[PDB]
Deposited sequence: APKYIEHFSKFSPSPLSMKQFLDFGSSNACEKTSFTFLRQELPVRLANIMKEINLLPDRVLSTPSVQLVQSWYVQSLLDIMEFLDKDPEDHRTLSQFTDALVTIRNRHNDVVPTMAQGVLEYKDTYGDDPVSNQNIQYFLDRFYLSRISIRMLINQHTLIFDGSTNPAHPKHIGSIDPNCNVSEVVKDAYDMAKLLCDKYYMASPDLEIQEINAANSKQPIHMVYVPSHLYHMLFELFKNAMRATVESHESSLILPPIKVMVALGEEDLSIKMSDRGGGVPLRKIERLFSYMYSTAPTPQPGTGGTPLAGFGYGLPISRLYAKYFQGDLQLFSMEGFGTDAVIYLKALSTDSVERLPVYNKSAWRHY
């Protein structure tokens, strides 16, 4: 790898807690600049080195080379600011402009890597070992991308424009986000199917049973996960009940405990056999040539990465012949909500 990738890849990424993001709210902007002009090169270089561990028959394909060419240019864009003066307000403005260009440059990274998966499937095959390696790589690659976008969004949202702090809501009303995502999925379901399940929500605030459940979170991530789950639940409910006059509703429970905030969504959409659950989270099995449901795009496994990004999880358990439950597990406390970042080391090197 080039000199500059070698230098920054020997650092490991520095994970931030939701509280640190929040405690960071003038002097703030210079502080963000000097943090990000080091940290973004570290995160970019670490994933670029990991891309380089893919075999030549993957590495040399047009999709991987185009993604590499983007990351290289973004890394160079940022390295221009290493010697610049944080007191000069023109430097801070150019920095923000450059981060916006970088975010736009990477907007197509998800489907671009999909074309690499697709080419591999049809030029080398879709066996379980290939599936495992694609799953290991893309989980880490997409999680790294999520963490880079988070950093950039927090800077450009705060230092271009406070109940919200960039993309973080310190008082995120969870049931309200549930309702929004449900309404939007319903609108798509009503349009395609003239029929959509109703919604039942129940809250369990264990410590304060009469208090509405709020948390510190990134509500756009939470909306995306819920919307993806609602689309699948409604589709399954409509198609499994062609003969009923009744569509069963979708039920959601929001539970707040001492450590977890959990959201369980329940459909009666007929379920799938246990054997197929792993297929639904697999990038490789969900990949085909160009409203993508579970098993036919990356919405579900990327939704799980959003949950894992701050130490949560997203799990599915179905009952074939009846329905399916999904649980989003989130950390309840902002000090436990810490970025989960892949690192390039000899422990990651060995998996390949």
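Counting the deposited sequence from 1, the stretches lacking C-alpha coordinates are 26-27, 164-169, 299-305.
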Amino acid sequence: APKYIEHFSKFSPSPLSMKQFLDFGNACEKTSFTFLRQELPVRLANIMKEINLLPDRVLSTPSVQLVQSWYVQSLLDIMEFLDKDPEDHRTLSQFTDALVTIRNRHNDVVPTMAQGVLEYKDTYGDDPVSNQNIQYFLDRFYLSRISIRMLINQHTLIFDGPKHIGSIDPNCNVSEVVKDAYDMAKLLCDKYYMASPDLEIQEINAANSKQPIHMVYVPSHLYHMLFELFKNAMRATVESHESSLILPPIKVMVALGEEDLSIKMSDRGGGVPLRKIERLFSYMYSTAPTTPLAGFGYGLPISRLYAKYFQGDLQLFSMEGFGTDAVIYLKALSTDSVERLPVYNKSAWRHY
From here on, numbers count along this sequence of modelled residues.
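For the two forms, the rigid core is made up of the largest set of C-alpha atoms that agree within 1.5 Å on superposition.
After superposition on the rigid core, the larger root-mean-square Cα deviation in 9 other deposited structures of this protein belongs to 128-136, not to the other of 85-93 and 128-136.
Between 239-247 and 100-108, the larger root mean square Cα shift in 9 other deposited structures of this protein, once each structure is superposed on the rigid core, falls on 239-247. Annotation: residue 161 belongs to the positions left without coordinates in at least a third of the other compared entries, with flanking residues modelled. Across the other compared structures of the same protein with both neighbouring residues present, residue 291 lacks coordinates in at least a third.
When the two stretches 178-186 and 204-212 are set side by side, the higher mean Cα temperature factor goes to 204-212. The mean Cα B-factor in the deposited entry runs higher for 90-98 than for the other of 139-147 and 90-98. Taking only the listed residues 286, 315, 303, 34, the entry reports the highest CA temperature factor at 34.
Sorting 327, 53, 294, 307 by the CA temperature factor given in the entry leaves 53 at the top. Among the modelled residues of the chain, residue 159 sits in the highest third by CA temperature factor in this PDB entry.
Sorting the modelled residues of the chain by their CA temperature factor places residue 166 in the middle third. Among the modelled residues of its chain, residue 259 has a C-alpha B-factor that falls in the lowest third according to the deposited record. Ranked against the other modelled residues of its chain, the C-alpha B-factor of residue 112 as given in the entry falls in the middle third. In the deposited entry, the Cα temperature factor of residue 241 places it in the highest third of its chain's modelled residues.
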